[PDB]
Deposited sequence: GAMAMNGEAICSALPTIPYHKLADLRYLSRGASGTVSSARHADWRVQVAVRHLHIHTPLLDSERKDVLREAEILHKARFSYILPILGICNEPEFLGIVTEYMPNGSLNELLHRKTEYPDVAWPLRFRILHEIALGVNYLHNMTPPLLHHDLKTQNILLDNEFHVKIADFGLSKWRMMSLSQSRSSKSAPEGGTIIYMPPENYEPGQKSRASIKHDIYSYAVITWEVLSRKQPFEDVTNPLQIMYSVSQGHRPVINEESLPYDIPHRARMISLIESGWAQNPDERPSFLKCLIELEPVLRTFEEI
């Protein structure tokens, strides 16, 4: 039930960014007369009938996700030399930008930070409650996209066989700060996303870069496999943070070394719901 958008309907392709999962461009849809984003791959090697139908079936599965805080797939661009995922364009970039561009936003109020946290949690919760469940497996501040009025849309969920394609078209690497230590030695584990969520939650409340001072990413990887985490004290997480106790609980249970110890997103929601009634 996933539409095919022909290449020619996407005008004014401006490059925005590239990573493991391909290139991100803005475009104008010629018929809808709105802006769209497109994640795409220029495919160098020809691509087997088996391998193409795989990526399409994935995209078709991911198309089924329709929820307020999920960035929905609008259609697939399926060209001989070009594969593309067309999504709504998000004017305000990512959560990454809202937190760390401290010049452009000197002040990110508590009610907003907490609404973001709630919406991420509702998003991943929805994803996990699909049949079959849809796991994100690369949740990070860059995927948490912000619409015109700073509401959350989670992007790039379930891009598994897609990411193996942009692997193939090489013959660099994405951030590991939100990756649970089990995953370092490659899996199908429901408790991956909650680890990421926990690190995100730390980042949202601290407004600090996780492992900021640690220069080598392998250093980070060793540290966390030995159970080290972003530091929780008065400097990183000030005493004035609303519901500080409850949030630290959520964070620590979230990034627990043992997967079994980590909450479901339903558990986050139950815990968060009281916090939000404050605002």
Problem - In sequence order, the deposited-sequence ranges that have no modelled C-alpha atom - result: 1 to 12, 184 to 189, 205 to 208, 302 to 304
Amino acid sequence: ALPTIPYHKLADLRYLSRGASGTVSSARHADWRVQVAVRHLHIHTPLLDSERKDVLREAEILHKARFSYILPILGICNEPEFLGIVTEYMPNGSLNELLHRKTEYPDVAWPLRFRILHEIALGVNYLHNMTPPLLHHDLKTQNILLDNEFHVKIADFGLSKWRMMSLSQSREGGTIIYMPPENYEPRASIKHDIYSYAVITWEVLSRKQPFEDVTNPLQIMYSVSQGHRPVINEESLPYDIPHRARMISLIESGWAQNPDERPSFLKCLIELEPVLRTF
From here on, numbers count along this sequence of modelled residues.
Handout entry: Between 60 to 68 and 212 to 220 (mean CA B-factor, as deposited), the higher
Key = 212 to 220
Fill in the blank from the handout: Between 75 to 83 and 135 to 143, the record assigns the higher mean Cα B factor to 75 to 83
Completion exercise
One of 28, 40, 244, 229 has the largest Cα B-factor in the entry, namely 40
Problem - Among 153, 192, 163, 118 - the residue whose C-alpha B-factor is largest in the record - result: 163
Handout entry: Cα B factor band for residue 123 (lowest, middle or highest third within the chain)
Key = lowest
Completion exercise
For residue 249, the third of its chain by CA B-factor is the lowest
Practice task
Classify residue 206 as lowest, middle or highest third according to the C-alpha B-factor given in the PDB entry, relative to its own chain.
Solution key: middle
Handout entry: Chain-wide C-alpha B factor ranking for residue 88, given as lowest, middle or highest third
Key = middle
Handout entry: Among modelled residues of the same chain, the CA temperature factor third for residue 105
Key = highest
